[PDB]
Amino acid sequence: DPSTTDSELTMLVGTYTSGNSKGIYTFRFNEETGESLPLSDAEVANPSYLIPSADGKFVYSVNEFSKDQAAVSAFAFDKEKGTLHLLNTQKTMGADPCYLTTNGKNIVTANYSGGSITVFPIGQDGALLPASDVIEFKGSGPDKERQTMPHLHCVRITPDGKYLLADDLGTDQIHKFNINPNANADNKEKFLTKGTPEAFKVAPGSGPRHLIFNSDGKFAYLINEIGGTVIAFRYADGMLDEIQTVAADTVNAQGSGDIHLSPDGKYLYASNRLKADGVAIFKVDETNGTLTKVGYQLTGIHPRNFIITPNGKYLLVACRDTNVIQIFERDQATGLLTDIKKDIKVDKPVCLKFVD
């Protein structure tokens, strides 16, 4: 059943709406040619991070606000039309939600300024129930301006479906929770409980930002915003064991951003902001999971988020300050990038996601 649509992905773009952005923008993106087409948009305030549901029928976005407007919005999504239809919104009761994840039964946010995480059950229609849990953290780190309190920046469900790991930029920790896979809107069971250990500690002043796992779930990789380092870990049965620390940033910019593995697992990419904005490229040793830097690609300004297409052919960079999504072709044998000069104009893009 080959179709033109096979290579056509639906892309969701989250933004900051302090300027001309309406909120969420949707596009068709061809992962074999790099061509794109605008589809629709949704008026949503500060949807700086969003996710599709696993079946692609729903989209959930944060509403990143410093006070009482902090929330999550739930939408019905039509992948073919690229249309978003708001279902409802619920308050996080934790300032600046900046990341979210789902297991199909609950949504979890990382509240940056609240220094907390919020759990929302998902109703039978895909809409959100009011928060069922708000988990507060305590502590600080050595950075005088950035680590005065916990700052939750990432929430990830482990590849074995058993744990939730939450990156805390403010305290140099990855908090660990046990997941109750049965917890849902109907039974009202608690989703998260503190695990053993309650947290993993990383080098002081690192500022843990985003965490990813490899395809078989035996390795994890963390990008540290302040330290500008990538930490490689061995992952097994709810344990993170540090195996290597490498420098993503080499100019002490203290603005590292996002992290992604190529789908074939052969290369790791990590972005840097503020100085020498771009993407560091590492070759992954497939057996021991360690990294060796192989290159660097300068990008537009403020690459807070990027994504790799499922076929591994393109790497798309959201450049918040240049108001563009830059498209790079990947050389699958060297990991190196080539700007194909097919930029997508978007005001303050900060989150890219695909729906197949």
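Numbers for residues come from their place in the sequence shown, where the first is 1.
Judged by mean Cα B factor in the deposited record, 236 to 244 ranks above the other of 176 to 184 and 236 to 244. In this entry, the higher average B-factor at the C-alpha atoms falls on 195 to 203, of the pair 195 to 203 and 264 to 272. Of the candidates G141, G257, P121, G126, it is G141 whose Cα B-factor is highest according to the PDB record. Out of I307, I325, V59, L37, it is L37 whose C-alpha atom has the highest B-factor in the PDB entry. When all modelled residues of the chain are sorted by CA temperature factor, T250 is found within the highest third.
Sort the modelled residues of the chain by CA B factor and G278 lands in the lowest third.
When all modelled residues of the chain are sorted by CA temperature factor, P159 is found within the middle third.
Remark: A95 belongs to the highest third of its chain, ranked by C-alpha B-factor as recorded. The entry lists a Cα temperature factor for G300 that places it in the middle third of the chain's modelled residues.
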